[PDB]
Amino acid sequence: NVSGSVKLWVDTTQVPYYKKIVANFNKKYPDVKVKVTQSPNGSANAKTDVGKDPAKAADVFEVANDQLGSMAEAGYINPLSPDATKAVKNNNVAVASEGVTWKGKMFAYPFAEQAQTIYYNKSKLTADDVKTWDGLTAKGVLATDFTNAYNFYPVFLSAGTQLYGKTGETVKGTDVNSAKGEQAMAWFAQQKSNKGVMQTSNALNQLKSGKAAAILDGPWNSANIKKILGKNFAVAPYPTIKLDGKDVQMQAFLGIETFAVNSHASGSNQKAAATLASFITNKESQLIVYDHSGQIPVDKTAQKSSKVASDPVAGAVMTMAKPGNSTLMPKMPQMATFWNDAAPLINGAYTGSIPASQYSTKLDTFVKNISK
């Protein structure tokens, strides 16, 4: 039997359908009392919302894969048991297992495969127009945010640099302090004068108002964007960009969204938390998330289901996941410093706060900063 009381943290707009998933959980585990709330500062802040006060934080909480190495090293999450690991590995696609694995051990329960794509109004741009960045932006406005390093750091990967080495595990392996890194900086700077590129803190709202023909966004907004665009909805994988005169695919990050179990819980509450985390990341639950938000399951069976297999967003995400089209977000403990420093590096190049004469210096400083 499973008994106990557990608190579950999800994002604000996910609460209604996680209550449905928890109702399904309670059909099987009637004696577990679950309280579902939104998290204090959203899934993007999980490591900080938990770490501020582990005993007060949720027992099961939503967290993206990049945060897991920090939380594992800090002791906030324990490794999954051998049986739990076996189930994650058997049930989900390989990149989901890689996403939750730190130094050979799994630390979370994966549920969604995330890659940004182009979402666009097909009455304003054609499928051919969206194949190249310059061609798209010559024909319509793409709204985006150069202050968000998740959006734009992968241009450095398109440029041929590595982030924490070959597989994202090498502390000193970021090599953007190079001519290749400068090519990416120059690309950001070029976009400031591209009249088809609109800087905004809310690209989705510019799509909704009709001021943008296209945005870069992820599958957490798939259903939202389908509603906004209606019969004009279209999606495509990321386009090519020109770096040093060559056309190369513009990358996105590949992220894996997960639930983790707070290591504070003990006794029956710990068992209940692990059971809940397994359940809410199972195939049925992933498909409920898909039905509501359009997020893409990591479950092998769910991905091949007719419903997901026919969704154009799923197809674009599966393209994005291929080598060369994205890179899995690393999960080094240094990732907080990486994100903090990457955003001003990129935005400084875009706005001109960092002029070309400073690219090499700033990239050298960046590598030192993120490699401690």
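From 1 onward, residues are counted along the sequence shown.
- When 229-237 is weighed against 264-272, 229-237 comes out higher, by mean CA B-factor as recorded in the entry.
- Looking at 5-13 and 21-29 together, the entry lists the larger mean B-factor for 21-29, computed on C-alpha atoms.
- By the numbers in the PDB entry, the CA B factor is greatest at 175 among 98, 257, 175, 299.
- When the Cα B-factors of 54, 330, 344, 42 are read from the PDB record, 54 comes out highest.
- Among all modelled residues in its chain, residue 47 ranks in the middle third by Cα B-factor.
- Split the chain's modelled residues into thirds by C-alpha temperature factor. Residue 113 is in the lowest one.
- Annotation for residue 181: CA B-factor lies in the middle third of the chain's modelled residues.
- Ranked by Cα temperature factor within the chain, residue 284 sits in the middle third according to the deposited record.
- Residue 293 sits in the middle third of its chain by CA B factor, as recorded in the PDB entry.
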